[PDB]
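Asker: My structure file upload16.csv, CSV, N, CA and C atoms, is below:
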```
chain,number,residue,atom,x,y,z
A,4,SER,N,0.8,-1.2,0.0
A,4,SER,CA,0.0,0.0,0.0
A,4,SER,C,0.9,1.3,0.0
A,5,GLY,N,2.1,1.1,-0.6
A,5,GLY,CA,3.0,2.2,-0.6
A,5,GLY,C,4.1,1.9,-1.7
A,6,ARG,N,4.6,3.0,-2.2
A,6,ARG,CA,5.7,2.9,-3.2
A,6,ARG,C,6.9,3.8,-2.8
A,7,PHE,N,8.1,3.3,-3.2
A,7,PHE,CA,9.3,4.0,-2.9
A,7,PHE,C,9.5,5.2,-3.8
A,8,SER,N,9.2,6.4,-3.3
A,8,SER,CA,9.3,7.6,-4.1
A,8,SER,C,10.0,8.7,-3.3
A,9,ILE,N,11.2,9.1,-3.8
A,9,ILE,CA,12.0,10.1,-3.2
A,9,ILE,C,11.9,11.4,-3.9
A,10,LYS,N,11.6,12.5,-3.2
A,10,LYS,CA,11.5,13.8,-3.8
A,10,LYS,C,12.3,14.8,-3.0
A,11,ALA,N,13.4,15.3,-3.6
A,11,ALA,CA,14.2,16.3,-2.9
A,11,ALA,C,15.1,17.0,-3.9
A,12,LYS,N,15.6,18.1,-3.5
A,12,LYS,CA,16.5,18.9,-4.4
A,12,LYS,C,17.9,18.3,-4.4
A,13,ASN,N,18.3,17.8,-3.2
A,13,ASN,CA,19.6,17.2,-3.1
A,13,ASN,C,19.5,15.7,-2.8
A,14,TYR,N,20.4,14.9,-3.3
A,14,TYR,CA,20.4,13.5,-3.1
A,14,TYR,C,21.8,13.0,-2.6
A,15,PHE,N,21.8,12.0,-1.8
A,15,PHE,CA,23.0,11.4,-1.2
A,15,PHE,C,23.1,9.9,-1.6
A,16,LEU,N,24.2,9.6,-2.3
A,16,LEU,CA,24.4,8.2,-2.7
A,16,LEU,C,25.5,7.6,-1.8
A,17,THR,N,25.2,6.4,-1.2
A,17,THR,CA,26.1,5.7,-0.4
A,17,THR,C,26.4,4.3,-0.9
A,18,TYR,N,27.6,4.1,-1.1
A,18,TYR,CA,28.0,2.8,-1.6
A,18,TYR,C,28.8,2.0,-0.6
A,19,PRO,N,28.1,1.0,0.1
A,19,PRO,CA,28.8,0.2,1.1
A,19,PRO,C,29.7,-0.8,0.5
A,20,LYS,N,30.9,-1.0,1.1
A,20,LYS,CA,31.8,-2.0,0.7
A,20,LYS,C,31.9,-1.9,-0.9
A,21,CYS,N,31.8,-0.7,-1.4
A,21,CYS,CA,31.8,-0.6,-2.9
A,21,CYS,C,33.3,-0.1,-3.3
A,22,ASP,N,33.8,-0.9,-4.2
A,22,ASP,CA,35.2,-0.6,-4.7
A,22,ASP,C,35.1,0.3,-5.8
A,23,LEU,N,33.9,0.9,-6.0
A,23,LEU,CA,33.7,1.9,-7.1
A,23,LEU,C,34.5,3.2,-6.8
A,24,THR,N,35.1,3.7,-7.8
A,24,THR,CA,35.9,4.9,-7.7
A,24,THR,C,35.0,6.1,-7.9
A,25,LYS,N,35.5,7.3,-7.5
A,25,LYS,CA,34.7,8.5,-7.6
A,25,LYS,C,34.7,8.9,-9.1
A,26,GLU,N,35.7,8.5,-9.8
A,26,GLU,CA,35.9,8.9,-11.2
A,26,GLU,C,34.8,8.2,-12.0
A,27,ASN,N,34.6,6.9,-11.7
A,27,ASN,CA,33.6,6.1,-12.4
A,27,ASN,C,32.2,6.5,-12.0
A,28,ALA,N,32.1,6.8,-10.7
A,28,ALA,CA,30.8,7.3,-10.2
A,28,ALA,C,30.5,8.7,-10.6
A,29,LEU,N,31.6,9.4,-10.8
A,29,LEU,CA,31.5,10.8,-11.2
A,29,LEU,C,31.1,10.8,-12.7
A,30,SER,N,31.7,10.0,-13.5
A,30,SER,CA,31.4,9.9,-14.9
A,30,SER,C,30.0,9.3,-15.1
A,31,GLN,N,29.7,8.3,-14.3
A,31,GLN,CA,28.4,7.7,-14.4
A,31,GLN,C,27.3,8.6,-13.9
A,32,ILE,N,27.6,9.2,-12.8
A,32,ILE,CA,26.6,10.1,-12.2
A,32,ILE,C,26.5,11.3,-13.1
A,33,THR,N,27.6,11.8,-13.5
A,33,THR,CA,27.6,13.0,-14.4
A,33,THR,C,27.0,12.7,-15.7
A,34,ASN,N,27.1,11.4,-16.1
A,34,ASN,CA,26.5,11.0,-17.4
A,34,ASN,C,25.0,10.6,-17.1
A,35,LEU,N,24.7,10.5,-15.8
A,35,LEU,CA,23.4,10.1,-15.4
A,35,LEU,C,22.4,11.2,-15.7
A,36,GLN,N,21.4,11.0,-16.6
A,36,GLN,CA,20.5,12.0,-16.9
A,36,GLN,C,19.4,12.1,-15.8
A,37,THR,N,18.7,13.2,-15.8
A,37,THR,CA,17.7,13.5,-14.9
A,37,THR,C,16.5,14.3,-15.5
A,38,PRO,N,15.3,14.2,-14.8
A,38,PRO,CA,14.2,15.0,-15.3
A,38,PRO,C,14.3,16.4,-15.0
A,39,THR,N,15.3,16.8,-14.2
A,39,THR,CA,15.6,18.1,-13.8
A,39,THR,C,16.8,18.7,-14.4
A,40,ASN,N,17.8,18.8,-13.6
A,40,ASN,CA,19.1,19.3,-14.0
A,40,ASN,C,20.1,19.2,-12.9
A,41,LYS,N,21.3,18.8,-13.2
A,41,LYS,CA,22.4,18.6,-12.2
A,41,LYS,C,23.2,19.9,-12.1
A,42,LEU,N,23.3,20.4,-10.9
A,42,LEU,CA,24.1,21.6,-10.6
A,42,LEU,C,25.5,21.3,-10.1
A,43,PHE,N,25.5,21.0,-8.8
A,43,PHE,CA,26.8,20.7,-8.1
A,43,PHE,C,26.9,19.2,-7.8
A,44,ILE,N,28.1,18.7,-7.8
A,44,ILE,CA,28.3,17.3,-7.5
A,44,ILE,C,29.6,17.2,-6.6
A,45,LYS,N,29.3,16.7,-5.4
A,45,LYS,CA,30.4,16.5,-4.4
A,45,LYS,C,30.6,15.0,-4.2
A,46,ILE,N,31.8,14.5,-4.4
A,46,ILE,CA,32.2,13.1,-4.2
A,46,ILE,C,33.3,13.0,-3.2
A,47,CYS,N,33.0,12.4,-2.0
A,47,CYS,CA,34.0,12.2,-1.0
A,47,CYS,C,34.0,10.7,-0.6
A,48,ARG,N,35.3,10.3,-0.4
A,48,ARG,CA,35.5,8.9,-0.1
A,48,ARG,C,35.6,8.7,1.4
A,49,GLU,N,35.1,7.6,1.9
A,49,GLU,CA,35.2,7.3,3.4
A,49,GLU,C,35.3,5.8,3.6
A,50,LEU,N,36.3,5.5,4.5
A,50,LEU,CA,36.5,4.1,4.8
A,50,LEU,C,35.8,3.8,6.1
A,51,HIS,N,35.1,2.6,6.1
A,51,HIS,CA,34.4,2.1,7.2
A,51,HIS,C,35.3,1.4,8.2
A,52,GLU,N,34.9,1.4,9.5
A,52,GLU,CA,35.7,0.8,10.5
A,52,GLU,C,35.6,-0.7,10.4
A,53,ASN,N,34.8,-1.2,9.5
A,53,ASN,CA,34.6,-2.6,9.3
A,53,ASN,C,35.6,-3.1,8.3
A,54,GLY,N,36.5,-2.2,7.9
A,54,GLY,CA,37.5,-2.5,6.9
A,54,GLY,C,37.0,-2.5,5.5
A,55,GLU,N,35.7,-2.1,5.4
A,55,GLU,CA,35.0,-2.0,4.1
A,55,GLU,C,35.1,-0.6,3.5
A,56,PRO,N,35.5,-0.5,2.2
A,56,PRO,CA,35.6,0.8,1.6
A,56,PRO,C,34.2,1.4,1.3
A,57,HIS,N,34.0,2.6,1.8
A,57,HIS,CA,32.7,3.3,1.6
A,57,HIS,C,32.9,4.5,0.7
A,58,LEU,N,31.8,4.9,0.1
A,58,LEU,CA,31.8,6.0,-0.8
A,58,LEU,C,30.6,6.9,-0.6
A,59,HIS,N,30.9,8.2,-0.5
A,59,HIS,CA,29.8,9.2,-0.2
A,59,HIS,C,29.7,10.1,-1.4
A,60,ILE,N,28.5,10.5,-1.7
A,60,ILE,CA,28.2,11.4,-2.8
A,60,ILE,C,27.1,12.4,-2.5
A,61,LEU,N,27.2,13.6,-2.9
A,61,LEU,CA,26.2,14.6,-2.6
A,61,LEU,C,25.9,15.4,-3.9
A,62,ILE,N,24.8,15.3,-4.5
A,62,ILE,CA,24.4,16.0,-5.7
A,62,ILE,C,23.2,16.9,-5.4
A,63,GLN,N,23.1,18.0,-6.1
A,63,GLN,CA,22.0,18.9,-5.9
A,63,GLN,C,21.5,19.4,-7.2
A,64,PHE,N,20.2,19.1,-7.5
A,64,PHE,CA,19.6,19.5,-8.8
A,64,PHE,C,18.9,20.9,-8.6
A,65,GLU,N,18.8,21.6,-9.8
A,65,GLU,CA,18.2,22.9,-9.8
A,65,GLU,C,16.7,22.8,-9.3
A,66,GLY,N,16.1,21.6,-9.6
A,66,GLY,CA,14.7,21.4,-9.2
A,66,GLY,C,14.6,20.1,-8.4
A,67,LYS,N,13.5,20.0,-7.7
A,67,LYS,CA,13.3,18.8,-6.9
A,67,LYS,C,13.2,17.6,-7.8
A,68,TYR,N,14.2,16.7,-7.6
A,68,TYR,CA,14.3,15.5,-8.4
A,68,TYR,C,13.5,14.4,-7.8
A,69,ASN,N,12.8,13.6,-8.6
A,69,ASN,CA,12.1,12.5,-8.1
A,69,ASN,C,12.8,11.2,-8.4
A,70,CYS,N,13.4,10.6,-7.3
A,70,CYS,CA,14.1,9.4,-7.4
A,70,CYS,C,13.3,8.3,-6.8
A,71,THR,N,12.2,7.9,-7.5
A,71,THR,CA,11.3,6.9,-7.1
A,71,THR,C,11.7,5.5,-7.8
A,72,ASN,N,13.0,5.4,-8.0
A,72,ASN,CA,13.5,4.2,-8.7
A,72,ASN,C,15.0,4.1,-8.4
A,73,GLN,N,15.3,2.9,-7.7
A,73,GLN,CA,16.7,2.7,-7.4
A,73,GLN,C,17.4,2.0,-8.5
A,74,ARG,N,17.1,2.4,-9.8
A,74,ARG,CA,17.7,1.8,-10.9
A,74,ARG,C,18.5,2.8,-11.7
A,75,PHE,N,18.2,4.1,-11.4
A,75,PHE,CA,18.9,5.2,-12.1
A,75,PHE,C,20.3,5.4,-11.5
A,76,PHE,N,20.4,5.2,-10.2
A,76,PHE,CA,21.7,5.3,-9.6
A,76,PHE,C,22.5,4.0,-9.6
A,77,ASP,N,22.0,3.1,-10.4
A,77,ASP,CA,22.6,1.8,-10.5
A,77,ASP,C,24.0,1.9,-11.2
A,78,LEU,N,25.0,1.8,-10.3
A,78,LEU,CA,26.4,1.9,-10.8
A,78,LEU,C,27.0,0.5,-10.9
A,79,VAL,N,27.8,0.3,-11.9
A,79,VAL,CA,28.4,-1.0,-12.1
A,79,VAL,C,29.9,-0.8,-12.3
A,80,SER,N,30.7,-1.8,-12.1
A,80,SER,CA,32.1,-1.8,-12.3
A,80,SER,C,32.5,-1.9,-13.8
A,81,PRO,N,33.2,-0.8,-14.3
A,81,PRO,CA,33.6,-0.9,-15.7
A,81,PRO,C,34.9,-1.7,-15.9
A,82,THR,N,35.3,-2.3,-14.7
A,82,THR,CA,36.5,-3.1,-14.8
A,82,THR,C,36.1,-4.6,-14.4
A,83,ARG,N,35.0,-4.7,-13.7
A,83,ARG,CA,34.5,-6.0,-13.3
A,83,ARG,C,33.0,-6.1,-13.7
A,84,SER,N,32.6,-7.3,-14.0
A,84,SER,CA,31.2,-7.6,-14.4
A,84,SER,C,30.4,-7.7,-13.1
A,85,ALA,N,30.4,-6.6,-12.3
A,85,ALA,CA,29.7,-6.6,-11.1
A,85,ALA,C,28.9,-5.3,-11.0
A,86,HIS,N,27.6,-5.4,-10.5
A,86,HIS,CA,26.8,-4.3,-10.4
A,86,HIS,C,26.6,-3.9,-8.9
A,87,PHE,N,26.5,-2.6,-8.7
A,87,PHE,CA,26.4,-2.1,-7.3
A,87,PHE,C,25.1,-1.2,-7.2
A,88,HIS,N,24.4,-1.5,-6.1
A,88,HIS,CA,23.1,-0.7,-5.8
A,88,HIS,C,23.4,0.2,-4.6
A,89,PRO,N,23.6,1.5,-4.9
A,89,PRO,CA,23.8,2.5,-3.9
A,89,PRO,C,22.5,2.9,-3.2
A,90,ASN,N,22.6,3.4,-2.0
A,90,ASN,CA,21.5,3.8,-1.3
A,90,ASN,C,21.1,5.3,-1.6
A,91,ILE,N,19.9,5.5,-2.1
A,91,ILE,CA,19.5,6.8,-2.5
A,91,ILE,C,18.8,7.4,-1.3
A,92,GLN,N,19.2,8.7,-1.0
A,92,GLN,CA,18.7,9.4,0.1
A,92,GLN,C,18.4,10.9,-0.3
A,93,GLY,N,17.2,11.3,0.0
A,93,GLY,CA,16.8,12.7,-0.3
A,93,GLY,C,17.1,13.6,0.8
A,94,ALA,N,18.0,14.6,0.5
A,94,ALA,CA,18.4,15.6,1.4
A,94,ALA,C,17.4,16.7,1.4
A,95,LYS,N,16.7,16.9,2.5
A,95,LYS,CA,15.8,18.0,2.7
A,95,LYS,C,16.5,19.3,2.5
A,96,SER,N,16.0,20.3,3.3
A,96,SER,CA,16.6,21.6,3.3
A,96,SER,C,17.6,21.8,4.4
A,97,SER,N,18.7,22.5,4.1
A,97,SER,CA,19.7,22.7,5.1
A,97,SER,C,21.1,23.0,4.4
A,98,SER,N,21.8,23.9,5.0
A,98,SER,CA,23.1,24.4,4.5
A,98,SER,C,24.2,23.3,4.8
A,99,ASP,N,23.8,22.4,5.7
A,99,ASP,CA,24.7,21.3,6.1
A,99,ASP,C,25.4,20.8,4.9
A,100,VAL,N,24.8,20.9,3.7
A,100,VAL,CA,25.3,20.4,2.5
A,100,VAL,C,26.5,21.3,2.1
A,101,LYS,N,26.4,22.6,2.3
A,101,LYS,CA,27.5,23.5,2.0
A,101,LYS,C,28.7,23.2,2.9
A,102,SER,N,28.3,22.9,4.2
A,102,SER,CA,29.4,22.7,5.2
A,102,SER,C,30.2,21.4,4.8
A,103,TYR,N,29.5,20.4,4.4
A,103,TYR,CA,30.1,19.2,3.9
A,103,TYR,C,30.9,19.4,2.6
A,104,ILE,N,30.3,20.2,1.8
A,104,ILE,CA,30.9,20.5,0.5
A,104,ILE,C,32.2,21.3,0.7
A,105,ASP,N,32.2,22.2,1.6
A,105,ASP,CA,33.4,22.9,1.9
A,105,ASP,C,34.4,22.0,2.5
A,106,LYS,N,34.0,20.9,3.1
A,106,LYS,CA,34.9,20.0,3.7
A,106,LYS,C,35.6,19.1,2.6
A,107,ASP,N,36.4,19.8,1.9
A,107,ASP,CA,37.1,19.2,0.8
A,107,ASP,C,38.4,18.5,1.3
A,108,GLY,N,39.1,17.8,0.4
A,108,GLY,CA,40.3,17.1,0.8
A,108,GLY,C,40.3,15.7,0.3
A,109,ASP,N,41.1,15.5,-0.8
A,109,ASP,CA,41.1,14.1,-1.4
A,109,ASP,C,39.8,13.7,-1.9
A,110,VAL,N,39.1,14.7,-2.4
A,110,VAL,CA,37.7,14.5,-3.0
A,110,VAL,C,37.6,15.2,-4.4
A,111,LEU,N,36.6,14.8,-5.1
A,111,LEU,CA,36.4,15.4,-6.4
A,111,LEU,C,35.2,16.4,-6.4
A,112,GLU,N,35.4,17.4,-7.1
A,112,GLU,CA,34.4,18.5,-7.2
A,112,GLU,C,34.0,18.8,-8.6
A,113,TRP,N,32.6,18.8,-8.8
A,113,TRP,CA,32.1,19.1,-10.1
A,113,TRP,C,30.9,20.0,-10.0
A,114,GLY,N,30.7,20.9,-11.0
A,114,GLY,CA,29.6,21.8,-11.0
A,114,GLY,C,29.8,22.8,-9.9
A,115,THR,N,28.9,23.8,-9.8
A,115,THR,CA,28.9,24.8,-8.8
A,115,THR,C,27.6,24.9,-8.0
A,116,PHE,N,27.8,24.8,-6.7
A,116,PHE,CA,26.7,24.8,-5.8
A,116,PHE,C,26.2,26.2,-5.5
A,117,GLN,N,24.9,26.3,-5.3
A,117,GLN,CA,24.3,27.6,-5.0
A,117,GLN,C,23.2,27.5,-4.0
A,118,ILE,N,23.3,28.3,-2.9
A,118,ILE,CA,22.3,28.3,-1.9
A,118,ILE,C,21.1,29.2,-2.3
A,119,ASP,N,19.9,28.7,-2.2
A,119,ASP,CA,18.7,29.5,-2.5
A,119,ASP,C,18.3,30.3,-1.3
A,120,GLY,N,18.1,31.6,-1.5
A,120,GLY,CA,17.7,32.5,-0.4
A,120,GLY,C,18.5,33.8,-0.5
A,121,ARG,N,18.5,34.5,0.6
A,121,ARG,CA,19.2,35.8,0.7
A,121,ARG,C,19.7,35.9,2.1
```
Would you write out, as structure tokens, the structure that this file holds?

Answerer:
Amino acid sequence: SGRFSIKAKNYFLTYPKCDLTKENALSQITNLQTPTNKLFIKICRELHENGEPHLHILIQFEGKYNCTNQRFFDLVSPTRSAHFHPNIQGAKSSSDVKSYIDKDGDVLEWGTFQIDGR
């Protein structure tokens, strides 16, 4: 009696124990089309204490993007015949995104972020 439908301006992709690189995810994500428009793209890598390689991503579209399908963010290994299903999360409102975006260091940056308001 319910369907998985995500609606937000910003989205966060999390790849658990994913050996996927930011470049591949960046190219794939960047190449990933949307019903809206991609503005800024922040890709930061993080290692889990479980010894598993984790990957964090933060994208923000010009308009509220509807991610009611976990097939769009379906990233696969261009080096291995393995597919990875990242966790799609809708980031509500908050500058916390800017804070994290500013938290650069050994990360990839694409597009230009813009805070709505005055």

Asker: May I ask which of the residues A:78, A:73, A:26, A:91 is the closest one to residue 111 (chain A), counting all atoms listed in the file?

Answerer: A:26

Asker: Write down as an MDAnalysis selection string the residues belonging to chain A that are assigned strand (DSSP E) by DSSP computed on the backbone.

Answerer: chainID A and resid 10:18 41:50 56:69 78:79 86:87 90:94 111:113

Asker: Go ahead and save the residues from that selection, with N, CA and C atoms, as a short mmCIF file (atom, residue, chain, number, x, y, z; two decimals), in the coordinates of the input.

Answerer:
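What ended up in out-v9.cif:
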```cif
data_model
loop_
_atom_site.label_atom_id
_atom_site.label_comp_id
_atom_site.auth_asym_id
_atom_site.auth_seq_id
_atom_site.Cartn_x
_atom_site.Cartn_y
_atom_site.Cartn_z
N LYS A 10 11.60 12.50 -3.20
CA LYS A 10 11.50 13.80 -3.80
C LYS A 10 12.30 14.80 -3.00
N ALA A 11 13.40 15.30 -3.60
CA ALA A 11 14.20 16.30 -2.90
C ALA A 11 15.10 17.00 -3.90
N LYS A 12 15.60 18.10 -3.50
CA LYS A 12 16.50 18.90 -4.40
C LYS A 12 17.90 18.30 -4.40
N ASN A 13 18.30 17.80 -3.20
CA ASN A 13 19.60 17.20 -3.10
C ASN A 13 19.50 15.70 -2.80
N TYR A 14 20.40 14.90 -3.30
CA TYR A 14 20.40 13.50 -3.10
C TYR A 14 21.80 13.00 -2.60
N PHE A 15 21.80 12.00 -1.80
CA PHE A 15 23.00 11.40 -1.20
C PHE A 15 23.10 9.90 -1.60
N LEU A 16 24.20 9.60 -2.30
CA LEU A 16 24.40 8.20 -2.70
C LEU A 16 25.50 7.60 -1.80
N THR A 17 25.20 6.40 -1.20
CA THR A 17 26.10 5.70 -0.40
C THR A 17 26.40 4.30 -0.90
N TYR A 18 27.60 4.10 -1.10
CA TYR A 18 28.00 2.80 -1.60
C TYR A 18 28.80 2.00 -0.60
N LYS A 41 21.30 18.80 -13.20
CA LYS A 41 22.40 18.60 -12.20
C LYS A 41 23.20 19.90 -12.10
N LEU A 42 23.30 20.40 -10.90
CA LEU A 42 24.10 21.60 -10.60
C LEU A 42 25.50 21.30 -10.10
N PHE A 43 25.50 21.00 -8.80
CA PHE A 43 26.80 20.70 -8.10
C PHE A 43 26.90 19.20 -7.80
N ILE A 44 28.10 18.70 -7.80
CA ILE A 44 28.30 17.30 -7.50
C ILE A 44 29.60 17.20 -6.60
N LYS A 45 29.30 16.70 -5.40
CA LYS A 45 30.40 16.50 -4.40
C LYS A 45 30.60 15.00 -4.20
N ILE A 46 31.80 14.50 -4.40
CA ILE A 46 32.20 13.10 -4.20
C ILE A 46 33.30 13.00 -3.20
N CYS A 47 33.00 12.40 -2.00
CA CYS A 47 34.00 12.20 -1.00
C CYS A 47 34.00 10.70 -0.60
N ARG A 48 35.30 10.30 -0.40
CA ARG A 48 35.50 8.90 -0.10
C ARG A 48 35.60 8.70 1.40
N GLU A 49 35.10 7.60 1.90
CA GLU A 49 35.20 7.30 3.40
C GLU A 49 35.30 5.80 3.60
N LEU A 50 36.30 5.50 4.50
CA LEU A 50 36.50 4.10 4.80
C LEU A 50 35.80 3.80 6.10
N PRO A 56 35.50 -0.50 2.20
CA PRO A 56 35.60 0.80 1.60
C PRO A 56 34.20 1.40 1.30
N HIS A 57 34.00 2.60 1.80
CA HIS A 57 32.70 3.30 1.60
C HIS A 57 32.90 4.50 0.70
N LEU A 58 31.80 4.90 0.10
CA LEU A 58 31.80 6.00 -0.80
C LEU A 58 30.60 6.90 -0.60
N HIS A 59 30.90 8.20 -0.50
CA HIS A 59 29.80 9.20 -0.20
C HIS A 59 29.70 10.10 -1.40
N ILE A 60 28.50 10.50 -1.70
CA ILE A 60 28.20 11.40 -2.80
C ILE A 60 27.10 12.40 -2.50
N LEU A 61 27.20 13.60 -2.90
CA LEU A 61 26.20 14.60 -2.60
C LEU A 61 25.90 15.40 -3.90
N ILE A 62 24.80 15.30 -4.50
CA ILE A 62 24.40 16.00 -5.70
C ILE A 62 23.20 16.90 -5.40
N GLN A 63 23.10 18.00 -6.10
CA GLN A 63 22.00 18.90 -5.90
C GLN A 63 21.50 19.40 -7.20
N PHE A 64 20.20 19.10 -7.50
CA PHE A 64 19.60 19.50 -8.80
C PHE A 64 18.90 20.90 -8.60
N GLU A 65 18.80 21.60 -9.80
CA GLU A 65 18.20 22.90 -9.80
C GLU A 65 16.70 22.80 -9.30
N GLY A 66 16.10 21.60 -9.60
CA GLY A 66 14.70 21.40 -9.20
C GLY A 66 14.60 20.10 -8.40
N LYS A 67 13.50 20.00 -7.70
CA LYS A 67 13.30 18.80 -6.90
C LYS A 67 13.20 17.60 -7.80
N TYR A 68 14.20 16.70 -7.60
CA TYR A 68 14.30 15.50 -8.40
C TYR A 68 13.50 14.40 -7.80
N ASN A 69 12.80 13.60 -8.60
CA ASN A 69 12.10 12.50 -8.10
C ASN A 69 12.80 11.20 -8.40
N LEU A 78 25.00 1.80 -10.30
CA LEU A 78 26.40 1.90 -10.80
C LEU A 78 27.00 0.50 -10.90
N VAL A 79 27.80 0.30 -11.90
CA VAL A 79 28.40 -1.00 -12.10
C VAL A 79 29.90 -0.80 -12.30
N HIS A 86 27.60 -5.40 -10.50
CA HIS A 86 26.80 -4.30 -10.40
C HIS A 86 26.60 -3.90 -8.90
N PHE A 87 26.50 -2.60 -8.70
CA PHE A 87 26.40 -2.10 -7.30
C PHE A 87 25.10 -1.20 -7.20
N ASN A 90 22.60 3.40 -2.00
CA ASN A 90 21.50 3.80 -1.30
C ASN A 90 21.10 5.30 -1.60
N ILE A 91 19.90 5.50 -2.10
CA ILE A 91 19.50 6.80 -2.50
C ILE A 91 18.80 7.40 -1.30
N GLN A 92 19.20 8.70 -1.00
CA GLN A 92 18.70 9.40 0.10
C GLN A 92 18.40 10.90 -0.30
N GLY A 93 17.20 11.30 0.00
CA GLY A 93 16.80 12.70 -0.30
C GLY A 93 17.10 13.60 0.80
N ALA A 94 18.00 14.60 0.50
CA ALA A 94 18.40 15.60 1.40
C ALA A 94 17.40 16.70 1.40
N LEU A 111 36.60 14.80 -5.10
CA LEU A 111 36.40 15.40 -6.40
C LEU A 111 35.20 16.40 -6.40
N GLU A 112 35.40 17.40 -7.10
CA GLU A 112 34.40 18.50 -7.20
C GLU A 112 34.00 18.80 -8.60
N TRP A 113 32.60 18.80 -8.80
CA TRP A 113 32.10 19.10 -10.10
C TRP A 113 30.90 20.00 -10.00
#
```

Asker: Could you tell me, as a PyMOL selection string, which residues have any atom at most 5 Å from (30.3, -0.3, 1.0), counting all atoms listed in the file?

Answerer: chain A and resi 18-21+56-57

Asker: Write out as a PyMOL selection string the residues lying within 7 Å of region 30-41 of chain A, counting only N, CA and C atoms and excluding same-chain residues fewer than 3 positions away.

Answerer: chain A and resi 25-27+44+63-69+75+114

Asker: Measure the distance from CA of residue 80 (chain A) to atom C of residue 29 (chain A) in Å and round it to one decimal.

Answerer: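 Separating CA of residue 80 (chain A) from atom C of residue 29 (chain A) is a distance of 12.6 Å.
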
Asker: Name the residues in contact with residue 13 (chain A) at a cut-off of 5 Å, using all atoms listed in the file, excluding same-chain residues fewer than 2 positions from it; report them as number ranges by chain.

Answerer: A: 11, 15, 62-64, 93-94

Asker: Give the answer as one residue: which of A:23, A:58, A:47, A:28 has the shortest atom-to-atom distance to residue 85 (chain A), using only C-alpha atoms?

Answerer: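 Residue with the minimum atom-to-atom distance to residue 85 (chain A): A:23.
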
Asker: Kindly indicate which residue among A:88, A:110, A:98, A:120 lies nearest to residue 46 (chain A), using only N, CA and C atoms for the distances.

Answerer: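 When distances to residue 46 (chain A) are compared using only N, CA and C atoms, the smallest one comes from A:110.
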
Asker: Excluding residue 76 (chain A) and its own-chain neighbours fewer than 4 positions away, which residues fall within 6.5 Å of it when counting all atoms listed in the file? Please give them as number ranges by chain.

Answerer: A: 72, 87-89

Asker: Could you turn the residues from that selection into a file that holds N, CA and C atoms, as a PDB file, keeping the file's coordinate frame?

Answerer:
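As a result, selection_25.pdb now contains:
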```pdb
ATOM      1  N   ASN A  72      13.000   5.400  -8.000  1.00  0.00           N
ATOM      2  CA  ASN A  72      13.500   4.200  -8.700  1.00  0.00           C
ATOM      3  C   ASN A  72      15.000   4.100  -8.400  1.00  0.00           C
ATOM      4  N   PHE A  87      26.500  -2.600  -8.700  1.00  0.00           N
ATOM      5  CA  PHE A  87      26.400  -2.100  -7.300  1.00  0.00           C
ATOM      6  C   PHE A  87      25.100  -1.200  -7.200  1.00  0.00           C
ATOM      7  N   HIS A  88      24.400  -1.500  -6.100  1.00  0.00           N
ATOM      8  CA  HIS A  88      23.100  -0.700  -5.800  1.00  0.00           C
ATOM      9  C   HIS A  88      23.400   0.200  -4.600  1.00  0.00           C
ATOM     10  N   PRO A  89      23.600   1.500  -4.900  1.00  0.00           N
ATOM     11  CA  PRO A  89      23.800   2.500  -3.900  1.00  0.00           C
ATOM     12  C   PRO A  89      22.500   2.900  -3.200  1.00  0.00           C
TER      13      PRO A  89
END
```

Asker: Run DSSP on the backbone and grab whatever in region 9-116 of chain A lands in helix (DSSP H, G or I); send it over as a ChimeraX atom specification.

Answerer: /A:25-34,99-105

Asker: Choose the residue, out of A:121, A:48, A:109, A:70, that has the smallest atom-to-atom separation from residue 10 (chain A); count only C-alpha atoms.

Answerer: A:70

Asker: Rank A:16, A:9, A:42, A:118 by their smallest atom-to-atom distance to residue 59 (chain A), using only N, CA and C atoms, and report the top residue only.

Answerer: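 Smallest distance to residue 59 (chain A) is found for A:16.
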
Asker: Please measure the separation of CA of residue 60 (chain A) and CA of residue 45 (chain A), giving the value in Å to one decimal.

Answerer: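 Answer for the CA of residue 60 (chain A) to CA of residue 45 (chain A) separation: 5.8 Å.
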
Asker: Would you please work out which residue, of A:43, A:55, A:97, A:103, is nearest to residue 117 (chain A) when using all atoms listed in the file?

Answerer: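 When distances to residue 117 (chain A) are compared using all atoms listed in the file, the smallest one comes from A:43.
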
Asker: Reconstruct N, CA, C and O atoms of region 79-84 of chain A from the incomplete input and present them as a PDB file, in the frame of the given file.

Answerer:
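Just written: selection-v9.pdb:
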```
ATOM      1  N   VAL A  79      27.800   0.300 -11.900  1.00  0.00           N
ATOM      2  CA  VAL A  79      28.400  -1.000 -12.100  1.00  0.00           C
ATOM      3  C   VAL A  79      29.900  -0.800 -12.300  1.00  0.00           C
ATOM      4  O   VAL A  79      30.371   0.369 -12.562  1.00  0.00           O
ATOM      5  N   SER A  80      30.700  -1.800 -12.100  1.00  0.00           N
ATOM      6  CA  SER A  80      32.100  -1.800 -12.300  1.00  0.00           C
ATOM      7  C   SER A  80      32.500  -1.900 -13.800  1.00  0.00           C
ATOM      8  O   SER A  80      32.257  -2.933 -14.368  1.00  0.00           O
ATOM      9  N   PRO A  81      33.200  -0.800 -14.300  1.00  0.00           N
ATOM     10  CA  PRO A  81      33.600  -0.900 -15.700  1.00  0.00           C
ATOM     11  C   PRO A  81      34.900  -1.700 -15.900  1.00  0.00           C
ATOM     12  O   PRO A  81      35.310  -1.949 -16.987  1.00  0.00           O
ATOM     13  N   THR A  82      35.300  -2.300 -14.700  1.00  0.00           N
ATOM     14  CA  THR A  82      36.500  -3.100 -14.800  1.00  0.00           C
ATOM     15  C   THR A  82      36.100  -4.600 -14.400  1.00  0.00           C
ATOM     16  O   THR A  82      36.827  -5.513 -14.722  1.00  0.00           O
ATOM     17  N   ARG A  83      35.000  -4.700 -13.700  1.00  0.00           N
ATOM     18  CA  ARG A  83      34.500  -6.000 -13.300  1.00  0.00           C
ATOM     19  C   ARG A  83      33.000  -6.100 -13.700  1.00  0.00           C
ATOM     20  O   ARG A  83      32.237  -5.130 -13.557  1.00  0.00           O
ATOM     21  N   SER A  84      32.600  -7.300 -14.000  1.00  0.00           N
ATOM     22  CA  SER A  84      31.200  -7.600 -14.400  1.00  0.00           C
ATOM     23  C   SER A  84      30.400  -7.700 -13.100  1.00  0.00           C
ATOM     24  O   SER A  84      29.703  -8.705 -12.901  1.00  0.00           O
TER      25      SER A  84
END
```
